[PDB]
Amino acid sequence: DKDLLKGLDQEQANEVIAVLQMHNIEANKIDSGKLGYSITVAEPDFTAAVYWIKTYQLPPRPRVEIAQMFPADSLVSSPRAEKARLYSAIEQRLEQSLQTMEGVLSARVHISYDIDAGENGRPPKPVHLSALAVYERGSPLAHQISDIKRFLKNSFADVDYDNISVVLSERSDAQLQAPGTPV
Amino acid sequence: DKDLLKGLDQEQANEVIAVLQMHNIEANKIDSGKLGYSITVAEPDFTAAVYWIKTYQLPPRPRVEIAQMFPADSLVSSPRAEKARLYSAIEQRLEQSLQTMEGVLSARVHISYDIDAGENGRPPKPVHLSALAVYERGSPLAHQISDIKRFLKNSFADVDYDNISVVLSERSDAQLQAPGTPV
Amino acid sequence: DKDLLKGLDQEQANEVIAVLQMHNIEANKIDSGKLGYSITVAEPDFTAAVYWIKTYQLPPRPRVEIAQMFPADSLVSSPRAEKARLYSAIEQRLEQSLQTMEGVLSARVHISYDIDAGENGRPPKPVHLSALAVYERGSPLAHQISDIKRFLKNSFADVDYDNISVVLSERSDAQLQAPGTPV
Amino acid sequence: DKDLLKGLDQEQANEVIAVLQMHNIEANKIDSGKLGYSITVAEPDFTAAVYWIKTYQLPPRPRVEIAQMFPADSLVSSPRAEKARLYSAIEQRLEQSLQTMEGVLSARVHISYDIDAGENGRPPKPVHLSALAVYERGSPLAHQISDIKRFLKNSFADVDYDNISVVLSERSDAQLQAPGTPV
Amino acid sequence: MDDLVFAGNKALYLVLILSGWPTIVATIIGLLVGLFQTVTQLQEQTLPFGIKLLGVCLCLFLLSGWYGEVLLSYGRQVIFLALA
Amino acid sequence: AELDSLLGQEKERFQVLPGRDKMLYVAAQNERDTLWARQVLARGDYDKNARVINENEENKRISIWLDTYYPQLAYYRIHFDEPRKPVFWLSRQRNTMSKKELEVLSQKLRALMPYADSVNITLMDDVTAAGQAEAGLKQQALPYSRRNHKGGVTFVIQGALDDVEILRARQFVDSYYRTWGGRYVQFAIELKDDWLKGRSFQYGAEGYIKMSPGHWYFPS
Amino acid sequence: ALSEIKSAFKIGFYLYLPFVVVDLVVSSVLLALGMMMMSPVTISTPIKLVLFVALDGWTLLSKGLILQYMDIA
Amino acid sequence: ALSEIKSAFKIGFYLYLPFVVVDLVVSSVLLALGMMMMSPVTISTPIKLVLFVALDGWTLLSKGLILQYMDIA
Ligand SMILES: CCCCCCCCCCCC[N+](C)(C)[O-]
């Protein structure tokens with residue numbers, strides 16, 4: 001067996017395994033504890049596994065949130081930093097709320113950070129919002145975008161339906177059968 | 001066997017393997033632990049391997065992000081630095097959201113940093129955005145540019161469809177068969 | 001055997017080897033560890049190897065980036081240093097993005113540094129960009145310049161197609177056959 | 001055998017050997033380690049070797065770059081010094097970029113240093129650039145000057161084709177055959 | 001606001017650093033010269049009073065050649081913020 | 001140990017020809033290959049006499065000889081697609097020779113090229129050459145001016161050309177030159193700054209430019 | 001009138017900061033040398049003057065104040 | 001006017017230095033004698049006065065100022 005990757009996290013290993021199984025590559029996960037997880041494949045499949053690893057740029061990054069740039073554990077804060085943390089937490093609370101709607105599997109939300117200017121000496125600009133979501137098969141996407149827009153509109157002091165973008169997509173086919181083992 | 005490279009890390013090694021395999025060069029990866037990975041090839045292929053290493057300028061660089069120029073470790077930092085970190089985080093969060101759309105394999109985003117001026121005594125300029133993305137084979141690119149533009153437009157206070165550039169490309173052919181071993 | 005060069009880096013040595021092989025000179029790379037790499041050739045080829053080493057001014061330099069002149073270990077940074085680091089990070093992130101386009105092998109980018117004055121009491125000046133890139137064989141260069149210009153234009157607050165220079169070239173013939181050994 | 005030079009470095013030694021071989025003088029390079037390299041020739045050739053060492057003023061003293069006068073590593077800096085380092089870094093990065101164009105073997109670039117006035121209060125003055133480059137044999141020099149001018153014009157905020165000087169030359173004949181040993 | 005907040009923090013910080021090194025170095029000197037009395041009385045610092053007296057002027061002169069540049073940078077910065 | 005065995009694995013890259021001077025001639029396609037070959041001889045891997053040749057070198061050498069013995073002959077280029085029977089293109093209008101004279105010329109060229117068995121002299125039309133040049137520039141949509149002289153034509157292409165234009169012009173000129181050479185038709189390419197950007201002006205028979213309000217410029 | 005007065009005090013605030021820095025540093029160095037009894041005003045004042053002339057504060061103030069109202073190119 | 005003021009400060013700067021020196025000398029002597037609990041100003045102001053008057057500082061100063069603008073002869 002040839003070594004593809006070492007020292008992965010749990011949530012990196014499971015993503016890699018998923019992506020390889022989708023392409024009919026049988027892989028094995030081994031745990032070394034403090035050294036993390038290791039992924040191995042057979043030689044006949046080595047070439048393909050390499051090419052897919054490059055094509056998807058595995059293993060994945062950690063997930064960025066703007067609050068990480070302005071830690072609460074810091075000796076000083078400008079008002080800009082506080083305002084940034086505030087917005088960065090509102091975003092995550094909306095993302096966590098949409099996932100409780102009927103049929104939604106996962107979602108992501110973005111807010112216009114007008115704070116990149118102070119709004120000093122000038123009237124503030126209106127808010128803009130964007131949302132992505134994924135639905136179960138057999139859902140009326142057209143009839144579901146109305147609900148999302150309605151819900152988002154009242155979460156802020158001044159938002160127009162024109163300023164809300166919503167993109168929906170369906171789940172891909174399920175990978176239920178196991179890959180074949182090399183002869 | 002002749003040594004091409006020493007002391008690589010994991011993500012450099014896997015790229016070098018992928019590139020050499022694509023050109024029909026069978027290569028071997030060896031792990032020395034604290035000393036990193038080593039790459040070796042046969043003599044008949046040595047010349048070609050050298051020429052390709054030159055042509056692609058391998059091993060690849062580490063990836064650059066603007067937040068690396070303005071470390072949040074600093075005890076006091078000017079409003080310019082903070083504004084830069086803010087923008088350099090939004091860029092990454094956008095890239096990570098686009099990678100969840102249907103069919104996208106990878107993406108990149110760039111934003112106009114007006115912070116090249118403080119906009120002192122002057123109105124702030126409008127935002128401009130550029131994005132690159134790679135799709136699965138058999139995707140109607142013309143029909144998919146619209147979605148991206150729609151999604152990006154609302155992530156900022158003031159953006160016009162005219163100011164958003166989008167470039168799309170398809171994945172190359174898959175490398176599934178293994179290279180032949182020198183006779 | 002005669003010693004040409006000693007104490008090379010890995011990325012110098014591979015470039016020398018590439019250049020000598022191109023001219024039909026068989027060379028050898030030796031590793032001394034803390035002492036680096038050594039390059040050797042046969043006597044019949046010594047004269048030629050010397051002439052080419054001079055003509056290409058080998059071994060190559062380290063590559064230069066503006067951020068090296070303004071290291072962030074500072075008690076105080078003027079506006080000038082911060083703005084310089086900023087632009088010197090953008091230049092690199094643009095080159096790294098262009099290498100992902102279809103068929104590009106390598107590229108370089110340049111930005112007009114207005115930062116050589118603070119604009120102190122002076123109106124700001126518009127930005128100019130230059131780019132160089134190398135393509136795979138059989139590429140319609142004329143049709144591909146448009147894509148690059150379009151992509152760069154929206155990466156900045158104010159750029160005119162008139163102010164963007166782009167130069168493209170094709171890769172040379174591949175060096176696959178090994179050089180002959182002196183009789 | 002008579003000693004010509006002692007305590008050379010690697011680049012000075014290879015330069016001397018190159019110049020002597022061109023005039024049919026067989027020379028020997030010896031390594032004494034911490035004492036550097038030594039160059040020796042036969043008595044019948046001693047006179048000629050002396051005359052050429054004088055005529056070319058060998059060994060070559062090392063390359064000068066303006067940043068060496070205002071070394072960045074210091075406790076202190078002043079606007080003039082910062083501005084100087086900046087320009088002396090742009091010069092080097094441009095030369096390194098031109099050497100990547102097709103056919104160019106080496107090039108040199110010069111910029112008008114306006115920093116010898118502070119440009120504070122006094123209005124700043126437009127930029128002038130000069131370039132030298134050497135090409136491979138069989139290159140249409142006339143048709144290649146245009147590309148260089150086009151590329152350089154956009155690297156700065158304000159440059160006119162009238163203010164850019166470009167001088168090109170071809171590589172000399174190759175020295176491939178070895179010199180004859182004295183009888 | 002955030003400009004006033006920045007310039008005030010930057011002031012307190014500059015005081016902390018510029019007053020740091022001299023008192024640390026003086027502590028190290030005073031310690032080692034107090035300790036090595038454990039071997040020899042070490043008159044040649046403090047016995048030649050004219051040389052100790054010159055030392056202060058030398059120190060002050062040299063130090064000003066490292067700090068004035070810093071203060072000039074800070075001054076330009078605050079004036080820029082105040083007027084632009 | 002034949003010479004072909006020493007040039008490499010890729011056999012068909014080179015072509016070995018014996019010469020009446022009792023010397024081997026190696027025909028190359030470009031500079032890079034030329035130096036790849038010259039290295040073998042300069043190293044001394046072969047024991048008999050040999051020489052390396054290419055089309056540009058031979059055109060130059062023959063033109064230098066013509067300069068001395070036929071200082072008024074009007075001609076284009078010598079093609080070596082078939083190295084045993086080169087083709088020499090002469091002007092139909094500007095030359096005046098008898099058949100005997102042409103044959104003599106042929107024989108003297110054959111004496112300069114000991115690897116060729118015969119030289120074919122073909123007469124070409126200048127109007128054809130010039131027309132193909134002008135048609136190519138129109139096809140590429142370049143701006144140009146044409147000037148005619150007794151023995152040559154010059155095309156001036158100058159202005160504020162764009163990157164696309166520079167690239168297409170360069171490619172075209174490189175293609176034409178390889179066919180006809182540079183003796184009859186010359187191309188001059190020049191970049192100049194745009195005086196006219198952002199200024200109002202009158203164009204016509206009586207043009208002028210307003211450098212600003214209150215300032216008139218009358219070029220002529 | 002009121003807004004102008006306010007904006008003036010604001011400027012004065014920034015002008016004070018570097019001299020406050022000087023005034024503190026000089027005292028701390030005199031204490032490090034033990035000359036605890038000497039009044040530091042006698043040394044801090046000339047430093048302040050040196051700093052102001054090397055900074056050329058009059059030119060900067062006179063220019064920037066006008067730039068806030070005029071537009072000059 | 002803005003250039004005259006700056007010149008004045010330039011001049012006065014160089015006149016402060018010697019008095020500073022004298023203050024440091026006095027303080028260092030009091031410490032070296034251990035006659036600690038006496039304020040040095042009481043001692044050094046008489047010394048500064050007597051020294052400057054005994055050298056006619058005011059006369060040299062007046063000449064040095066006028067010779068920028070006239071020849072006295
Ligand atoms: C006893 C030393 C006092 C030093 C005072 C320096 C001025 C500090 C002004 C406040 C600065 C902090 N700020 C703006 C957040 O309030």
# chains A, B, ... in the order shown; residues from 1 in each chain; ligands from 1
>>> calpha_fit_and_write(fixed="chain B", moving="chain A", output="tab-separated table (two decimals) with C-alpha atoms, in the first residue's frame")
chain	number	residue	atom	x	y	z
A	1	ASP	CA	18.00	6.12	-8.85
A	2	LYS	CA	18.75	9.84	-8.97
A	3	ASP	CA	17.51	12.35	-6.39
A	4	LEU	CA	15.36	15.18	-7.73
A	5	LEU	CA	14.14	16.88	-4.55
A	6	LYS	CA	14.46	16.61	-0.78
A	7	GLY	CA	12.78	18.09	2.26
A	8	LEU	CA	9.42	18.62	0.59
A	9	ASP	CA	6.10	19.01	2.35
A	10	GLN	CA	3.26	16.56	1.85
A	11	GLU	CA	1.31	18.99	-0.34
A	12	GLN	CA	4.40	19.74	-2.41
A	13	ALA	CA	5.26	16.11	-3.02
A	14	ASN	CA	1.76	15.20	-4.16
A	15	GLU	CA	1.75	18.08	-6.65
A	16	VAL	CA	5.09	17.05	-8.10
A	17	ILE	CA	4.02	13.42	-8.41
A	18	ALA	CA	0.84	14.47	-10.21
A	19	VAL	CA	2.71	16.61	-12.71
A	20	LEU	CA	5.24	13.91	-13.51
A	21	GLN	CA	2.69	11.11	-13.90
A	22	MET	CA	0.82	13.26	-16.38
A	23	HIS	CA	3.89	13.16	-18.66
A	24	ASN	CA	4.43	9.37	-18.37
A	25	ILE	CA	7.26	9.51	-15.79
A	26	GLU	CA	7.11	6.90	-13.02
A	27	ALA	CA	8.28	8.47	-9.74
A	28	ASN	CA	8.69	7.25	-6.15
A	29	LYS	CA	8.00	9.09	-2.88
A	30	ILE	CA	10.00	8.26	0.25
A	31	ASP	CA	9.41	9.61	3.76
A	32	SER	CA	12.25	10.56	6.13
A	33	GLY	CA	10.04	12.28	8.74
A	34	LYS	CA	11.71	15.39	10.14
A	35	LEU	CA	13.71	15.46	6.90
A	36	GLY	CA	10.52	15.42	4.79
A	37	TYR	CA	9.70	13.63	1.57
A	38	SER	CA	12.07	12.72	-1.24
A	39	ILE	CA	11.27	12.08	-4.91
A	40	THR	CA	13.25	9.71	-7.12
A	41	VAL	CA	13.14	8.53	-10.74
A	42	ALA	CA	15.05	6.20	-13.03
A	43	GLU	CA	17.98	7.39	-15.12
A	44	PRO	CA	16.26	7.03	-18.52
A	45	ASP	CA	13.65	9.48	-17.21
A	46	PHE	CA	16.01	11.83	-15.36
A	47	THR	CA	16.50	14.27	-18.25
A	48	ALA	CA	12.78	14.65	-18.90
A	49	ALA	CA	11.96	15.04	-15.22
A	50	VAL	CA	14.52	17.83	-14.92
A	51	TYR	CA	13.15	19.66	-17.93
A	52	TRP	CA	9.59	19.50	-16.63
A	53	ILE	CA	10.64	20.64	-13.16
A	54	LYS	CA	12.15	23.73	-14.74
A	55	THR	CA	9.21	24.33	-17.07
A	56	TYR	CA	6.66	24.34	-14.24
A	57	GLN	CA	8.99	25.81	-11.58
A	58	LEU	CA	8.31	23.11	-9.04
A	59	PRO	CA	8.01	22.72	-6.03
A	60	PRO	CA	5.23	25.25	-5.53
A	61	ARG	CA	5.20	28.18	-3.15
A	62	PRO	CA	2.99	28.55	-0.14
A	63	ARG	CA	-0.22	30.42	-0.90
A	64	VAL	CA	-0.29	34.17	-0.21
A	65	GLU	CA	-3.11	35.87	1.68
A	66	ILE	CA	-3.06	39.57	2.48
A	67	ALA	CA	-3.85	38.98	6.15
A	68	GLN	CA	-0.40	37.41	6.49
A	69	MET	CA	1.17	40.83	5.95
A	70	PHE	CA	-0.57	42.39	8.98
A	71	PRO	CA	-0.54	39.72	11.68
A	72	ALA	CA	-3.04	40.02	14.49
A	73	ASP	CA	-0.07	39.02	16.69
A	74	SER	CA	1.58	42.43	16.62
A	75	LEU	CA	2.09	45.08	19.27
A	76	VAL	CA	0.67	48.00	17.26
A	77	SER	CA	-1.92	48.55	14.57
A	78	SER	CA	-2.77	51.43	12.31
A	79	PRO	CA	-6.37	51.58	11.10
A	80	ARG	CA	-5.04	50.65	7.66
A	81	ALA	CA	-3.91	47.29	9.03
A	82	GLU	CA	-7.28	46.48	10.60
A	83	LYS	CA	-9.11	47.44	7.41
A	84	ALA	CA	-6.76	45.22	5.40
A	85	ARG	CA	-7.36	42.18	7.60
A	86	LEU	CA	-11.11	42.72	7.28
A	87	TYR	CA	-11.08	42.67	3.47
A	88	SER	CA	-8.64	39.77	3.40
A	89	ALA	CA	-11.11	37.69	5.39
A	90	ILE	CA	-14.14	38.60	3.30
A	91	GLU	CA	-12.33	37.39	0.19
A	92	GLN	CA	-11.63	33.97	1.70
A	93	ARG	CA	-15.19	33.59	2.91
A	94	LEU	CA	-16.52	34.18	-0.59
A	95	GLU	CA	-14.06	31.70	-2.06
A	96	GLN	CA	-15.28	29.15	0.46
A	97	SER	CA	-18.91	29.85	-0.36
A	98	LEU	CA	-18.73	29.45	-4.13
A	99	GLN	CA	-17.30	25.95	-3.83
A	100	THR	CA	-20.63	24.78	-2.45
A	101	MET	CA	-22.47	25.61	-5.67
A	102	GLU	CA	-23.49	22.78	-7.98
A	103	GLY	CA	-20.66	21.60	-10.23
A	104	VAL	CA	-17.97	24.06	-9.13
A	105	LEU	CA	-14.70	22.29	-8.37
A	106	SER	CA	-12.69	25.32	-7.24
A	107	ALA	CA	-12.73	29.11	-7.39
A	108	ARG	CA	-10.77	32.26	-6.62
A	109	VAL	CA	-11.98	35.80	-5.87
A	110	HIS	CA	-10.42	39.29	-5.86
A	111	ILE	CA	-11.72	42.56	-4.35
A	112	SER	CA	-10.71	46.15	-5.12
A	113	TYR	CA	-8.78	47.29	-2.01
A	114	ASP	CA	-9.85	50.93	-2.07
A	115	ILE	CA	-8.12	51.17	1.33
A	116	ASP	CA	-4.89	51.94	-0.51
A	117	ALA	CA	-6.19	55.42	-0.07
A	118	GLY	CA	-7.99	56.46	3.08
A	119	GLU	CA	-10.99	57.87	1.24
A	120	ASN	CA	-10.36	60.86	3.49
A	121	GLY	CA	-11.56	64.23	2.26
A	122	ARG	CA	-13.17	62.51	-0.71
A	123	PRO	CA	-16.21	60.36	-1.45
A	124	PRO	CA	-15.45	56.64	-1.54
A	125	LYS	CA	-15.09	54.77	-4.83
A	126	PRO	CA	-17.32	51.86	-5.86
A	127	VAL	CA	-16.28	48.23	-5.37
A	128	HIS	CA	-15.03	45.96	-8.18
A	129	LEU	CA	-14.93	42.13	-8.04
A	130	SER	CA	-13.28	39.40	-10.11
A	131	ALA	CA	-13.84	35.63	-10.00
A	132	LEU	CA	-12.29	32.53	-11.62
A	133	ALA	CA	-13.86	29.08	-11.45
A	134	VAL	CA	-13.56	25.52	-12.76
A	135	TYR	CA	-16.49	23.30	-13.79
A	136	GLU	CA	-17.18	19.63	-14.45
A	137	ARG	CA	-17.44	18.43	-18.05
A	138	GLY	CA	-20.78	18.97	-19.78
A	139	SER	CA	-21.91	22.15	-17.92
A	140	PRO	CA	-23.60	25.17	-19.61
A	141	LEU	CA	-21.05	27.85	-18.80
A	142	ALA	CA	-23.10	30.54	-20.53
A	143	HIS	CA	-26.13	29.79	-18.41
A	144	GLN	CA	-24.04	29.59	-15.25
A	145	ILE	CA	-22.41	33.01	-15.35
A	146	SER	CA	-25.74	34.69	-14.57
A	147	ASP	CA	-26.06	32.90	-11.23
A	148	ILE	CA	-22.58	33.91	-10.09
A	149	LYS	CA	-23.11	37.56	-11.01
A	150	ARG	CA	-26.47	37.61	-9.23
A	151	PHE	CA	-24.95	36.09	-6.10
A	152	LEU	CA	-21.95	38.43	-5.96
A	153	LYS	CA	-23.90	41.63	-6.64
A	154	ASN	CA	-25.65	41.65	-3.26
A	155	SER	CA	-22.59	40.84	-1.17
A	156	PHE	CA	-21.61	44.55	-1.11
A	157	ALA	CA	-23.34	47.88	-0.62
A	158	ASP	CA	-22.83	49.13	-4.19
A	159	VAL	CA	-21.90	46.92	-7.12
A	160	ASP	CA	-22.96	47.04	-10.76
A	161	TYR	CA	-23.07	44.06	-13.08
A	162	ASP	CA	-20.69	46.03	-15.26
A	163	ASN	CA	-18.05	45.92	-12.49
A	164	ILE	CA	-18.07	42.12	-12.04
A	165	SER	CA	-15.72	39.95	-14.12
A	166	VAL	CA	-16.24	36.18	-14.28
A	167	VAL	CA	-14.05	33.62	-16.07
A	168	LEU	CA	-14.98	29.93	-16.24
A	169	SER	CA	-13.14	26.88	-17.53
A	170	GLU	CA	-13.61	23.11	-17.75
A	171	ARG	CA	-11.65	20.29	-16.16
A	172	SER	CA	-9.02	18.61	-18.33
A	173	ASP	CA	-9.10	14.91	-19.25
A	174	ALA	CA	-8.67	12.45	-16.38
A	175	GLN	CA	-5.32	10.67	-15.86
A	176	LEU	CA	-6.49	7.17	-14.89
A	177	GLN	CA	-4.03	4.71	-16.47
A	178	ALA	CA	-0.60	4.24	-14.93
A	179	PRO	CA	2.62	5.23	-16.72
A	180	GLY	CA	4.80	2.59	-18.31
A	181	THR	CA	7.94	1.40	-16.54
A	182	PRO	CA	11.28	1.88	-18.35
A	183	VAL	CA	12.58	-1.26	-20.03
>>> residues_near_ligand(ligand="ligand 1", cutoff="10 Å", atoms="only C-alpha atoms and all ligand atoms", output="list in words")
residues 76, 77 and 78 of chain A; 1, 2, 3, 4, 5, 6, 7, 8, 9, 10, 11, 12, 13 and 15 of chain E; 13, 14, 16, 17, 18, 20, 21 and 24 of chain G
>>> atom_distance(atom1="CA of residue 119 (chain F)", atom2="CA of residue 26 (chain F)")
19.1 Å
>>> closest_residue(among="F:184, F:91, F:98, F:82", to="residue 118 (chain F)", atoms="only C-alpha atoms")
F:82
>>> residues_around(residues="residue 32 (chain G)", least_positions_apart="3", cutoff="9 Å", atoms="only C-alpha atoms", output="list in words")
residues 22, 23, 26 and 27 of chain E; 27, 28, 29, 35 and 36 of chain G
>>> write_last_selection(atoms="C-alpha atoms", output="PDB file, in the first residue's frame")
ATOM      1  CA  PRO E  22      17.606  52.088  29.365  1.00  0.00           C
ATOM      2  CA  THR E  23      16.307  50.869  32.727  1.00  0.00           C
ATOM      3  CA  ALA E  26      21.079  49.933  33.836  1.00  0.00           C
ATOM      4  CA  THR E  27      19.674  47.130  35.991  1.00  0.00           C
TER       5      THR E  27
ATOM      6  CA  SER G  27      12.274  61.890  33.633  1.00  0.00           C
ATOM      7  CA  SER G  28      12.565  58.129  33.545  1.00  0.00           C
ATOM      8  CA  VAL G  29      16.133  58.348  32.254  1.00  0.00           C
ATOM      9  CA  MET G  35      19.905  62.317  39.792  1.00  0.00           C
ATOM     10  CA  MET G  36      16.502  62.319  41.456  1.00  0.00           C
TER      11      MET G  36
END
>>> select_by_dssp(residues="region 52-139 of chain B", states="strand (DSSP E)", output="list in words")
residues 104, 105, 106, 107, 108, 109, 110, 111, 129, 130, 131, 132, 133, 134 and 135 of chain B
>>> write_last_selection(atoms="N, CA, C and O atoms", output="PDB file, in the first residue's frame")
ATOM      1  N   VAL B 104     -19.056  23.344  -9.174  1.00  0.00           N
ATOM      2  CA  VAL B 104     -17.781  24.030  -9.055  1.00  0.00           C
ATOM      3  C   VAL B 104     -16.782  23.103  -8.384  1.00  0.00           C
ATOM      4  O   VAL B 104     -17.084  22.476  -7.363  1.00  0.00           O
ATOM      5  N   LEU B 105     -15.593  22.991  -8.966  1.00  0.00           N
ATOM      6  CA  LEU B 105     -14.504  22.237  -8.362  1.00  0.00           C
ATOM      7  C   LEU B 105     -13.564  23.127  -7.573  1.00  0.00           C
ATOM      8  O   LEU B 105     -13.068  22.715  -6.526  1.00  0.00           O
ATOM      9  N   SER B 106     -13.291  24.333  -8.061  1.00  0.00           N
ATOM     10  CA  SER B 106     -12.447  25.269  -7.336  1.00  0.00           C
ATOM     11  C   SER B 106     -12.709  26.668  -7.868  1.00  0.00           C
ATOM     12  O   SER B 106     -13.243  26.845  -8.969  1.00  0.00           O
ATOM     13  N   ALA B 107     -12.273  27.660  -7.090  1.00  0.00           N
ATOM     14  CA  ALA B 107     -12.560  29.052  -7.395  1.00  0.00           C
ATOM     15  C   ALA B 107     -11.497  29.962  -6.804  1.00  0.00           C
ATOM     16  O   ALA B 107     -10.687  29.556  -5.975  1.00  0.00           O
ATOM     17  N   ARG B 108     -11.508  31.209  -7.272  1.00  0.00           N
ATOM     18  CA  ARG B 108     -10.697  32.287  -6.722  1.00  0.00           C
ATOM     19  C   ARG B 108     -11.487  33.579  -6.812  1.00  0.00           C
ATOM     20  O   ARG B 108     -12.268  33.769  -7.747  1.00  0.00           O
ATOM     21  N   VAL B 109     -11.239  34.494  -5.875  1.00  0.00           N
ATOM     22  CA  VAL B 109     -11.892  35.797  -5.881  1.00  0.00           C
ATOM     23  C   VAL B 109     -10.877  36.887  -5.571  1.00  0.00           C
ATOM     24  O   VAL B 109      -9.909  36.669  -4.840  1.00  0.00           O
ATOM     25  N   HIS B 110     -11.099  38.067  -6.147  1.00  0.00           N
ATOM     26  CA  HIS B 110     -10.297  39.254  -5.891  1.00  0.00           C
ATOM     27  C   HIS B 110     -11.206  40.460  -5.700  1.00  0.00           C
ATOM     28  O   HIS B 110     -12.191  40.609  -6.427  1.00  0.00           O
ATOM     29  N   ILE B 111     -10.852  41.339  -4.762  1.00  0.00           N
ATOM     30  CA  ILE B 111     -11.624  42.540  -4.461  1.00  0.00           C
ATOM     31  C   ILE B 111     -10.756  43.781  -4.616  1.00  0.00           C
ATOM     32  O   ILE B 111      -9.572  43.765  -4.271  1.00  0.00           O
ATOM     33  N   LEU B 129     -15.058  43.512  -8.428  1.00  0.00           N
ATOM     34  CA  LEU B 129     -14.826  42.119  -8.057  1.00  0.00           C
ATOM     35  C   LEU B 129     -14.455  41.279  -9.267  1.00  0.00           C
ATOM     36  O   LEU B 129     -15.045  41.443 -10.335  1.00  0.00           O
ATOM     37  N   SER B 130     -13.506  40.354  -9.093  1.00  0.00           N
ATOM     38  CA  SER B 130     -13.149  39.398 -10.140  1.00  0.00           C
ATOM     39  C   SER B 130     -13.159  37.974  -9.612  1.00  0.00           C
ATOM     40  O   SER B 130     -12.674  37.724  -8.512  1.00  0.00           O
ATOM     41  N   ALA B 131     -13.687  37.028 -10.397  1.00  0.00           N
ATOM     42  CA  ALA B 131     -13.752  35.642  -9.951  1.00  0.00           C
ATOM     43  C   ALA B 131     -13.431  34.640 -11.052  1.00  0.00           C
ATOM     44  O   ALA B 131     -13.854  34.802 -12.200  1.00  0.00           O
ATOM     45  N   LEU B 132     -12.697  33.591 -10.675  1.00  0.00           N
ATOM     46  CA  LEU B 132     -12.327  32.479 -11.547  1.00  0.00           C
ATOM     47  C   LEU B 132     -12.953  31.196 -11.028  1.00  0.00           C
ATOM     48  O   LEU B 132     -12.965  30.974  -9.817  1.00  0.00           O
ATOM     49  N   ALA B 133     -13.435  30.327 -11.920  1.00  0.00           N
ATOM     50  CA  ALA B 133     -13.898  29.028 -11.437  1.00  0.00           C
ATOM     51  C   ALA B 133     -13.806  27.920 -12.481  1.00  0.00           C
ATOM     52  O   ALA B 133     -13.860  28.163 -13.693  1.00  0.00           O
ATOM     53  N   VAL B 134     -13.653  26.691 -11.977  1.00  0.00           N
ATOM     54  CA  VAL B 134     -13.530  25.489 -12.804  1.00  0.00           C
ATOM     55  C   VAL B 134     -14.744  24.586 -12.608  1.00  0.00           C
ATOM     56  O   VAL B 134     -15.116  24.286 -11.471  1.00  0.00           O
ATOM     57  N   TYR B 135     -15.328  24.117 -13.712  1.00  0.00           N
ATOM     58  CA  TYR B 135     -16.531  23.289 -13.711  1.00  0.00           C
ATOM     59  C   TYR B 135     -16.299  21.859 -14.179  1.00  0.00           C
ATOM     60  O   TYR B 135     -15.360  21.564 -14.915  1.00  0.00           O
TER      61      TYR B 135
END
>>> calpha_fit_rmsd(fixed="chain G", moving="chain H")
0.9 Å
>>> select_by_dssp(residues="region 6-148 of chain D", states="helix (DSSP H, G or I)", output="number ranges by chain")
D: 10-22, 33-35, 43-56, 66-69, 79-98, 114-116, 141-148
>>> residues_around(residues="residue 47 (chain F)", least_positions_apart="6", cutoff="12 Å", atoms="only C-alpha atoms", output="list in words")
residues 183 of chain C; 1, 2, 3, 6, 23, 24, 40 and 41 of chain F
>>> residues_around(residues="residue 12 (chain F)", least_positions_apart="3", cutoff="12 Å", atoms="only C-alpha atoms", output="list in words")
residues 4, 5, 7, 8, 9, 15, 16, 26, 27, 28 and 29 of chain F
>>> atom_distance(atom1="CA of residue 22 (chain F)", atom2="CA of residue 49 (chain F)")
7.8 Å
>>> interface_residues(of="chain G", to="chain H", cutoff="9 Å", atoms="only C-alpha atoms", output="count of residues only")
15
